[PDB]
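J.:
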Amino acid sequence: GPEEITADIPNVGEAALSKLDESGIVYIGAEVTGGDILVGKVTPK
Amino acid sequence: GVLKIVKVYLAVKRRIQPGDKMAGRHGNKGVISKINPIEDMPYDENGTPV
Amino acid sequence: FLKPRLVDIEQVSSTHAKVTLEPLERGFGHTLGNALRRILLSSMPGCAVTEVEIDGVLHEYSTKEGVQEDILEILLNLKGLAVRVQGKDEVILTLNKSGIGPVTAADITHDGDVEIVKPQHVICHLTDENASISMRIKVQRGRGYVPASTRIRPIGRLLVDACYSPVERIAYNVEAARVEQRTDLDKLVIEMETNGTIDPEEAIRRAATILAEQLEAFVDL
Amino acid sequence: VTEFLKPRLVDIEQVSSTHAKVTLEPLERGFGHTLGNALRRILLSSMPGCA
RNA sequence: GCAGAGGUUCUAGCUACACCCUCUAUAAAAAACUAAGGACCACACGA
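Encoded structure:
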C-alpha cells in the first residue's frame, strides 16, 4: 500500500500538529522553527 | 512511482551575525568578529559612531 | 567640589536639543560626558513598535493589492516612526486609511495618551481607488534593542524588530565656563539627537539616575 | 523598564594592603566599561590626597 | 530484565542502542513512554 498525506501521525503531540491544517499541510504564513513539522506524511506499516 | 509532491517554500531572514563573511569591492574580505554595541563605537567630534 | 546643574537646555530643533551642565573641574567634564553618553546610547527607555497585524496580509513577505510597496517595507517604515506614550506601558494603534494617497502617521487613530511626534513619517502609499489598508500596530515601551527572533501566536500576526532607543547620536563637548570669578571650570554641552519620543532634560536626568544607582552597588546614600 | 541588574560583590581578592582586585559579576551590557572608565578617571585625576 | 508472552495506553512493545513489573507455559491491580536505512560523477564556490 502507498502512504497518505493526512494529518494522522502517530507518536506526535498536538502542538506540532497545530500548525498543520486539517489535511496535514502547514498553513500558509505560519512561522515555523527548527525541528518543526510542515507536511504530515506517514508510511504504511 | 510517485503519488504527489508537496513543495513548501520557507523564507529565512538571516540577520548579520558574528562570523558572517563581509567583504568590500576591493578584495578586502573578513568575518564579522563581534557585534559591538553602538556606545562602544569610535565617534568623531560630531558624535556619529562609525 | 562643584555640582553640575541644568543651567541651559537649548532646544535648537524639534528632534535634537543642546543641554548644558555648568560647574565641572579637571577630568569631571570628560568623565561625566562620556559616562552620560554611554548610558544614553546604551539604555534609554523608548516606545518603538514591536508587533503589527494587517487586516488581510497573511505573513511578512506577502503583498496586498493597492499598496505601493511590499508589506516588509511597510513594517520597516513602521519601525522608523517615533511614538511616545504617557500612561500605558502597552498600547495598540489602529491605522485605517482609504483612497489614493500616502499613509502618513498622522492618520493613526491615536488614544488619549499615545501621540505621534512625527506625523509626517510616511508608512505606505495607497494607489488603487478601492484600496484600503487596516493595520493594528502594537507599540510597547522597552529598553535597548531586542530583535523579533529572540523574544518569548496566530499566523496573521507580523513581528517587527523592536528598536527601543529614543537617542541616535550623542555628542558632548567640554569647554571652559563663564563663572563670576574662578578658573579651571568647564561646562559640558551634550548635542543629543533624539527621534522625538524623549525630552532631553528628562533623558539626561534618567541617564544620571541610572548611573548613580549603578554606583550604589557598594556605596550607601 | 527602569529596572536594572544592579551588581553584587562576589569575590574581592584582597592582595597585600597596597594592592587589591575588586570585581562585580552581574552589572549590565556596556555598563562595565562605563563604570570602569568613570572610576578610573574619577580616582586617577581628582582625589583629595596629600603628597 | 537477555530464550517467550501478558499488562493499564495506541496495531504492536520480548533490552532491538532502546523505558516499568511478572513466571517458565498462566494474562492483569498500575502512572512517566516508543521506531533501529541511505552511494558515484560533474559543476560552481570558500579557505
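Residue numbers (PDB author numbering), protein chains in the order written: chain A, 846 to 890; chain B, 1045 to 1094; chain C, 8 to 159, 166 to 234; chain D, 5 to 55.
Think of the CB as a built atom: it goes at the ideal place given N, C-alpha and C, for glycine as much as any other residue.
#1: What's the gap between the Cα of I159(C) and the Cα of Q147(C)?
#2: What are the partner residues of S105(C), as DSSP defines its beta bridges?
#3: Can you list the residues of chain B that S49(C) reaches, using a CB-CB cut of under 7 Å?
#4: So, with DSSP's three-state summary, where would you put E876(A)?
#5: Tell me whether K1048(B) is buried or exposed, calling it buried when 16 or more other Cβ atoms sit within 10 Å of its Cβ.
#6: So which of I61(C), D174(C), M51(C) and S50(C) has the shortest CA-CA distance to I144(C)?
#7: Express the C-alpha separation of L85(C) and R1059(B) in angstroms, rounding to a whole number.
#8: Can you tell me which residues form a DSSP beta bridge with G53(C)?
#9: Indicate the three-state DSSP secondary structure (helix, strand or coil) for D866(A) in the structure shown.
#10: Give me the Cα-Cα distance between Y1087(B) and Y185(C), rounded to the nearest whole angstrom.
#11: Leaving out five residues before and five after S105(C) in sequence, what residues of the same chain have Cβ atoms less than 7 Å from its Cβ?
#12: Could you tell me which chain B residues have their CB closer than 7 Å to the CB of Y177(C), listed as they occur along the chain?
#13: Along the segment 59-70 of chain C, where does the CB come closer than 8 Å to a CB of chain A? Name the residues.
#14: Do the segment 13-24 of chain C and the segment 1074-1094 of chain B meet, that is, are 3 or more Cβ pairs less than 8 Å apart?
#15: Measure from the alpha carbon of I130(C) to the alpha carbon of each residue in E58(C), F8(C) and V74(C), then state which is nearest.
#16: With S49(C) and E1083(B) assumed to form a contact (beta carbons below 8 Å), what rounded beta-carbon distance in angstroms separates them?
#17: Among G36(D), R45(D) and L47(D), which residue has its Cα nearest to the Cα of residue 308(C)?
#18: Please classify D199(C) as buried or exposed, where buried requires at least 16 neighbouring CB atoms within 10 angstroms.
#19: For the segment 91-122 of chain C, list every residue whose C-beta sits within 7 Å of some C-beta in chain A, in sequence order.
#20: From what residue to what residue does the beta strand (DSSP E) around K886(A) run?
#21: Would you call residue 1096(B) buried or exposed, if buried means 16 or more other Cβ atoms sit within 10 Å of its Cβ?
#22: Kindly indicate if chain B contains any beta-carbon less than 8 Å away from that of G34(D).
#23: Using the Cα positions of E76(C) and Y68(C), report the straight-line distance between them to the nearest angstrom.
#24: Would you identify the three-state DSSP class for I1076(B), choosing helix, strand or coil?
#25: So does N208(C) have its beta carbon nearer than 7 Å to some heavy atom of the ligand SAM?
#26: In terms of DSSP beta bridges, what is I144(C) paired with?
#27: Quick one: grab the DSSP three-state call for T111(C).
#28: Exposed or buried, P126(C), counting other C-beta atoms within 10 Å across all chains shown (16 or more means buried)?
#29: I183(C) touches chain B at which residues, Cβ-Cβ below 7 Å?
#30: Thinking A89(C) and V124(C) are a contact (beta carbons under 8 Å), I'd like their distance in whole angstroms, please.
#31: Measuring straight from C-alpha to C-alpha, what distance separates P52(D) and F8(C)?
#32: Reducing DSSP to helix, strand and coil, say where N1090(B) ends up.
#33: What's the C-alpha gap between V26(C) and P11(C)?
#34: Considering only residues of the same chain and omitting the five flanking positions on each side of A155(C), which have a CB-CB separation below 6 Å?
T.: Considering the structure as presented:
#1: 15 Å
#2: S139(C)
#3: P1081 and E1083
#4: The DSSP-derived three-state label of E876(A) is coil.
#5: exposed
#6: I61(C)
#7: 19 Å
#8: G149(C)
#9: coil
#10: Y1087(B) and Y185(C): Cα-Cα distance of roughly 11 Å.
#11: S139
#12: Within chain B, no residue has its CB atom less than 7 Å from the CB of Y177(C), the nearest being about 13 Å off.
#13: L65, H66 and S69
#14: no
#15: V74(C)
#16: 5 Å
#17: Chain C is shown only over 8 to 234; residue 308(C) falls outside these bounds and no answer can be derived.
#18: By the 16-neighbour rule on beta-carbons within 10 angstroms, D199(C) is buried.
#19: Per Cβ criterion, the list is empty.
#20: Per DSSP, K886(A) belongs to no beta strand (DSSP E) and is neither H nor E.
#21: Residue numbering for chain B in the displayed model covers 1045 to 1094; residue 1096(B) lies beyond these limits and cannot be assessed.
#22: yes
#23: 11 Å
#24: coil
#25: Ligands in the displayed structure: none, and consequently the ligand SAM is not present.
#26: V59(C) and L100(C)
#27: strand
#28: exposed
#29: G1091
#30: About 5 Å separates the two Cβ atoms, so the contact holds.
#31: 10 Å
#32: coil
#33: 12 Å
#34: Taken in chain order, the residues that qualify are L172 and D174.
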